[PDB]
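Asks: Sharing upload.cif here; it has mmCIF, C-alpha atoms.
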data_protein
#
loop_
_atom_site.label_atom_id
_atom_site.label_comp_id
_atom_site.auth_asym_id
_atom_site.auth_seq_id
_atom_site.Cartn_x
_atom_site.Cartn_y
_atom_site.Cartn_z
CA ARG A 1 99.14 62.92 57.91
CA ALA A 2 101.99 60.94 56.43
CA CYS A 3 105.55 61.82 55.44
CA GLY A 4 108.05 60.18 53.14
CA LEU A 5 111.04 60.41 50.88
CA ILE A 6 111.28 60.37 47.18
CA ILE A 7 114.33 58.17 47.07
CA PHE A 8 116.51 58.38 44.02
CA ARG A 9 119.88 57.19 42.87
CA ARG A 10 122.41 58.47 40.45
CA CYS A 11 123.46 56.41 37.48
CA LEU A 12 126.79 57.61 36.16
CA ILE A 13 127.97 56.16 32.89
CA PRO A 14 128.90 56.68 29.21
CA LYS A 15 125.53 56.00 27.57
CA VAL A 16 125.16 52.72 29.46
CA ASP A 17 122.45 54.27 31.60
CA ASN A 18 119.40 55.61 29.82
CA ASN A 19 118.99 57.95 32.79
CA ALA A 20 121.26 59.65 35.39
CA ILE A 21 118.49 59.64 37.99
CA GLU A 22 116.37 56.71 39.12
CA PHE A 23 113.52 56.71 41.62
CA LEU A 24 112.49 54.03 44.10
CA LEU A 25 108.86 52.92 44.09
CA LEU A 26 107.51 50.30 46.41
CA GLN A 27 104.59 48.03 45.53
CA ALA A 28 101.80 47.72 48.08
CA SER A 29 101.02 44.17 49.20
CA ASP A 30 97.44 45.00 50.18
CA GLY A 31 95.59 46.08 47.06
CA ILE A 32 98.44 44.74 44.90
CA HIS A 33 98.27 47.90 42.72
CA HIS A 34 99.84 50.84 44.56
CA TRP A 35 103.36 52.10 43.89
CA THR A 36 104.82 54.84 46.10
CA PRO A 37 108.06 56.01 47.59
CA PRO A 38 108.49 55.08 51.22
CA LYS A 39 106.04 56.91 53.49
CA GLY A 40 103.98 56.55 56.65
CA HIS A 41 102.18 58.27 59.45
CA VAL A 42 103.38 60.83 61.88
CA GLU A 43 103.74 59.73 65.47
CA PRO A 44 102.51 62.03 68.26
CA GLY A 45 105.89 63.40 69.14
CA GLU A 46 107.29 63.49 65.66
CA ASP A 47 108.72 66.19 63.47
CA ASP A 48 107.67 65.81 59.84
CA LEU A 49 111.15 65.08 58.48
CA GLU A 50 111.66 62.71 61.40
CA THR A 51 108.76 60.61 60.03
CA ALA A 52 110.07 60.62 56.50
CA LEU A 53 113.38 59.21 57.66
CA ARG A 54 111.94 56.83 60.14
CA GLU A 55 109.33 55.66 57.70
CA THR A 56 111.96 55.16 54.96
CA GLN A 57 113.93 52.79 57.18
CA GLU A 58 110.71 50.94 58.12
CA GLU A 59 109.25 50.73 54.67
CA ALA A 60 112.42 50.33 52.59
CA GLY A 61 115.16 49.27 54.98
CA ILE A 62 117.29 52.34 54.22
CA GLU A 63 119.07 53.90 57.16
CA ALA A 64 120.05 57.54 57.54
CA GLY A 65 123.72 56.69 56.94
CA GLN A 66 122.67 55.37 53.52
CA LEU A 67 120.78 58.56 52.72
CA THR A 68 121.34 62.20 52.05
CA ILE A 69 118.53 64.72 52.16
CA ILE A 70 118.64 67.23 49.36
CA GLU A 71 117.86 70.53 51.05
CA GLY A 72 115.50 72.95 49.40
CA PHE A 73 112.78 70.64 48.19
CA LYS A 74 109.54 69.51 49.76
CA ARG A 75 106.15 68.60 48.31
CA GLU A 76 102.82 68.29 50.07
CA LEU A 77 100.37 66.04 48.33
CA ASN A 78 96.70 66.52 49.01
CA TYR A 79 94.33 63.84 47.78
CA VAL A 80 91.64 61.19 48.39
CA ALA A 81 92.43 57.52 49.00
CA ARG A 82 89.97 54.72 49.78
CA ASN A 83 87.20 57.28 50.30
CA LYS A 84 89.44 58.97 52.86
CA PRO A 85 91.32 62.29 52.80
CA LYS A 86 95.13 62.12 52.56
CA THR A 87 98.07 64.42 53.20
CA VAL A 88 101.61 63.33 52.47
CA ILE A 89 104.77 65.34 52.63
CA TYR A 90 107.80 64.35 50.65
CA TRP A 91 111.46 65.40 50.58
CA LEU A 92 114.05 64.19 48.09
CA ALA A 93 116.78 61.97 49.29
CA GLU A 94 119.68 60.44 47.52
CA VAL A 95 121.16 57.07 48.15
CA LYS A 96 124.89 56.95 48.75
CA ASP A 97 125.26 53.50 47.22
CA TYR A 98 123.74 52.30 44.00
CA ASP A 99 123.39 48.84 45.44
CA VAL A 100 122.00 49.74 48.82
CA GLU A 101 120.01 46.91 50.23
CA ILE A 102 116.28 47.54 50.05
CA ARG A 103 114.51 45.70 52.80
CA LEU A 104 110.75 45.57 52.52
CA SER A 105 108.22 45.08 55.29
CA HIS A 106 104.94 43.16 54.96
CA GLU A 107 103.34 46.30 53.53
CA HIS A 108 105.15 45.84 50.20
CA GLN A 109 105.93 42.91 48.00
CA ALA A 110 108.39 44.34 45.46
CA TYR A 111 110.40 47.41 44.61
CA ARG A 112 111.69 48.88 41.34
CA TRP A 113 114.36 51.48 40.48
CA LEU A 114 113.07 53.72 37.71
CA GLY A 115 113.85 56.57 35.34
CA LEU A 116 111.46 59.45 35.61
CA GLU A 117 109.09 58.48 32.83
CA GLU A 118 108.55 54.86 33.84
CA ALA A 119 108.18 55.93 37.48
CA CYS A 120 105.33 58.32 36.62
CA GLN A 121 103.80 55.60 34.49
CA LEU A 122 103.89 53.19 37.44
CA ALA A 123 102.78 55.63 40.10
CA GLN A 124 99.70 56.39 37.93
CA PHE A 125 98.08 58.96 40.29
CA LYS A 126 98.43 62.55 39.09
CA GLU A 127 99.66 64.07 42.30
CA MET A 128 102.44 61.55 42.71
CA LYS A 129 103.46 61.99 39.09
CA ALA A 130 103.48 65.70 39.49
CA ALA A 131 105.65 65.42 42.55
CA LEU A 132 108.24 63.14 41.00
CA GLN A 133 108.44 65.34 37.95
CA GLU A 134 108.96 68.45 40.03
CA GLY A 135 111.46 66.52 42.13
CA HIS A 136 113.50 65.69 39.10
CA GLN A 137 113.27 69.17 37.71
CA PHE A 138 114.48 70.46 41.01
CA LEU A 139 117.50 68.12 40.78
CA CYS A 140 118.50 69.30 37.31
CA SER A 141 118.54 72.93 38.43
CA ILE A 142 120.68 72.32 41.49
CA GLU A 143 123.11 70.56 39.15
CA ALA A 144 123.49 73.76 37.16
#
Take the structure in this file and express it as structure tokens.
Replies:
Amino acid sequence: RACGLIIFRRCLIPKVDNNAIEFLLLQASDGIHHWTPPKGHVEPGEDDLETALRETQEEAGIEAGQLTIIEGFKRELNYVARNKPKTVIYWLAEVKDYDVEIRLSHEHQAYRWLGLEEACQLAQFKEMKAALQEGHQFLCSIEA
């Protein structure tokens, strides 16, 4: 059982920015092929949202002060990785600063900020794509 945050940022501009919302994906170092938002495993004590935040600071270097959780959205992904069964829960979180410092751990070798389409294209796996898409869709509704 793992929890994480679909991190996104807002790009606010007069046609300069192709998109108003960009997602953070992190590249796995081991395997060299996996792109996900920050996530990780639940500790014995831990609340699920507690993991998502903690794991976001560990994986991406983003502290809670640099983050705001969008209430009302959550997505449980159920799938199969490395011949093993996986459960990941994600919430949507927004970064306060466009230029927030991303600090990777050994687990990841690069990050990218992406518009919804390219993000889905990079994530590749259907459940992750589905989740980012519904994440975005959620965000558009709240806006209106």
Asks: Of the candidates A:102, A:60, A:21, A:142, which one gets nearest to residue A:117 if we count all atoms listed in the file?
Replies: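 Once distances to residue A:117 are computed over all atoms listed in the file, the minimum belongs to A:21.
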Asks: List every protein, DNA or RNA residue that has at least one atom no more than 12 Å from (97.5, 61.2, 39.2) in the file's coordinates, counting all atoms listed in the file, and write the result as a compact mmCIF listing (two decimals) with C-alpha atoms, in the frame of the given file.
Replies:
# COMPACT_ATOMS: atom_id res chain seq x y z
CA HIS A 34 99.84 50.84 44.56
CA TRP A 35 103.36 52.10 43.89
CA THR A 36 104.82 54.84 46.10
CA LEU A 77 100.37 66.04 48.33
CA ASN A 78 96.70 66.52 49.01
CA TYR A 79 94.33 63.84 47.78
CA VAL A 80 91.64 61.19 48.39
CA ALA A 81 92.43 57.52 49.00
CA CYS A 120 105.33 58.32 36.62
CA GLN A 121 103.80 55.60 34.49
CA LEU A 122 103.89 53.19 37.44
CA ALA A 123 102.78 55.63 40.10
CA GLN A 124 99.70 56.39 37.93
CA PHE A 125 98.08 58.96 40.29
CA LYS A 126 98.43 62.55 39.09
CA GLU A 127 99.66 64.07 42.30
CA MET A 128 102.44 61.55 42.71
CA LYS A 129 103.46 61.99 39.09
CA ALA A 130 103.48 65.70 39.49
CA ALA A 131 105.65 65.42 42.55
CA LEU A 132 108.24 63.14 41.00
CA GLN A 133 108.44 65.34 37.95
Asks: Between atom CA of residue A:4 and atom CA of residue A:57, what is the distance in Å, rounded to a tenth?
Replies: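 According to the coordinates, atom CA of residue A:4 and atom CA of residue A:57 are separated by 10.3 Å.
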Asks: With all atoms listed in the file as the atoms that count, which of A:86, A:39, A:9, A:1 lies nearest to residue A:114?
Replies: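 The closest residue to residue A:114 is A:9.
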Asks: Between A:62, A:95, A:89, A:110, which one has atoms that come closest to residue A:74, using only C-alpha atoms?
Replies: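 Ranking A:62, A:95, A:89, A:110 by distance to residue A:74, first place goes to A:89.
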Asks: Please compute the atom CA of residue A:97-atom CA of residue A:70 distance, one decimal, in Å.
Replies: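 Separation between atom CA of residue A:97 and atom CA of residue A:70: 15.4 Å.
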Asks: Looking at A:83, A:139, A:29, A:100, which one is nearest to residue A:71, with distances taken over only C-alpha atoms?
Replies: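 Residue with the minimum atom-to-atom distance to residue A:71: A:139.
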Asks: Let me know the residues the PyMOL selection byres ((chain A and resi 52) around 8) catches in the file above, as JSON, numbers by chain.
Replies: {"A": [3, 4, 5, 38, 39, 40, 48, 49, 50, 51, 53, 54, 55, 56, 90, 91]}
Asks: To one decimal in Å, tell me the separation between atom CA of residue A:72 and atom CA of residue A:141.
Replies: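 A separation of 11.4 Å between them.
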Asks: Which one of A:61, A:85, A:45, A:37 sits closest to residue A:23 if you count all atoms listed in the file?
Replies: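 Selected residue with least distance to residue A:23: A:37.
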Asks: With distances taken over all atoms listed in the file, which of A:116, A:138, A:8, A:109 is nearest to residue A:67?
Replies: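 Ranking A:116, A:138, A:8, A:109 by distance to residue A:67, first place goes to A:8.
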Asks: Around the point (99.0, 61.9, 62.4), in the coordinates given by the file, pick out the residues reaching within 8 Å, counting all atoms listed in the file, and return them as a list in words.
Replies: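 Applying the cut-off with all atoms listed in the file, one gets residues 1, 2, 41, 42, 43 and 44 of chain A.
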Asks: Could you please fill out stretch 41-65 of chain A with N, CA and C atoms and send it back as a tab-separated table (two decimals), in the frame of the given file?
Replies:
chain	number	residue	atom	x	y	z
A	41	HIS	N	102.84	57.32	58.59
A	41	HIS	CA	102.18	58.27	59.45
A	41	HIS	C	103.02	58.84	60.53
A	42	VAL	N	102.76	60.09	60.83
A	42	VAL	CA	103.38	60.83	61.88
A	42	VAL	C	103.00	60.32	63.25
A	43	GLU	N	103.98	60.10	64.09
A	43	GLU	CA	103.74	59.73	65.47
A	43	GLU	C	103.49	61.00	66.27
A	44	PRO	N	102.82	60.88	67.43
A	44	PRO	CA	102.51	62.03	68.26
A	44	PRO	C	103.65	62.99	68.50
A	45	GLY	N	104.79	62.49	68.92
A	45	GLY	CA	105.89	63.40	69.14
A	45	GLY	C	106.44	64.08	67.90
A	46	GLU	N	106.40	63.35	66.80
A	46	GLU	CA	107.29	63.49	65.66
A	46	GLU	C	107.28	64.74	64.79
A	47	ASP	N	108.48	65.22	64.50
A	47	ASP	CA	108.72	66.19	63.47
A	47	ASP	C	108.42	65.59	62.09
A	48	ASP	N	108.05	66.39	61.11
A	48	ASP	CA	107.67	65.81	59.84
A	48	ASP	C	108.81	65.10	59.13
A	49	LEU	N	109.98	65.73	59.05
A	49	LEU	CA	111.15	65.08	58.48
A	49	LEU	C	111.64	63.85	59.27
A	50	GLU	N	111.36	63.83	60.56
A	50	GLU	CA	111.66	62.71	61.40
A	50	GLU	C	110.88	61.49	60.94
A	51	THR	N	109.62	61.68	60.55
A	51	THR	CA	108.76	60.61	60.03
A	51	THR	C	109.25	60.08	58.69
A	52	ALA	N	109.63	60.99	57.81
A	52	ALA	CA	110.07	60.62	56.50
A	52	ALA	C	111.27	59.72	56.60
A	53	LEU	N	112.22	60.07	57.46
A	53	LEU	CA	113.38	59.21	57.66
A	53	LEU	C	112.97	57.96	58.35
A	54	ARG	N	112.24	58.05	59.43
A	54	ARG	CA	111.94	56.83	60.14
A	54	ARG	C	111.20	55.88	59.20
A	55	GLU	N	110.22	56.44	58.51
A	55	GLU	CA	109.33	55.66	57.70
A	55	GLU	C	110.06	55.04	56.50
A	56	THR	N	111.08	55.72	55.99
A	56	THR	CA	111.96	55.16	54.96
A	56	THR	C	112.76	53.94	55.43
A	57	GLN	N	113.29	53.97	56.64
A	57	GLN	CA	113.93	52.79	57.18
A	57	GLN	C	112.91	51.65	57.41
A	58	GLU	N	111.72	51.97	57.89
A	58	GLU	CA	110.71	50.94	58.12
A	58	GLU	C	110.21	50.29	56.82
A	59	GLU	N	109.83	51.14	55.89
A	59	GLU	CA	109.25	50.73	54.67
A	59	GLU	C	110.24	50.14	53.68
A	60	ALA	N	111.43	50.73	53.58
A	60	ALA	CA	112.42	50.33	52.59
A	60	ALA	C	113.74	49.80	53.12
A	61	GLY	N	113.93	49.82	54.43
A	61	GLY	CA	115.16	49.27	54.98
A	61	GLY	C	116.39	50.16	54.85
A	62	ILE	N	116.21	51.40	54.41
A	62	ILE	CA	117.29	52.34	54.22
A	62	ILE	C	117.48	53.26	55.40
A	63	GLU	N	118.66	53.15	55.99
A	63	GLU	CA	119.07	53.90	57.16
A	63	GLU	C	119.62	55.24	56.81
A	64	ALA	N	119.65	56.15	57.77
A	64	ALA	CA	120.05	57.54	57.54
A	64	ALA	C	121.49	57.69	57.03
A	65	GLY	N	122.37	56.78	57.46
A	65	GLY	CA	123.72	56.69	56.94
A	65	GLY	C	123.77	56.42	55.44
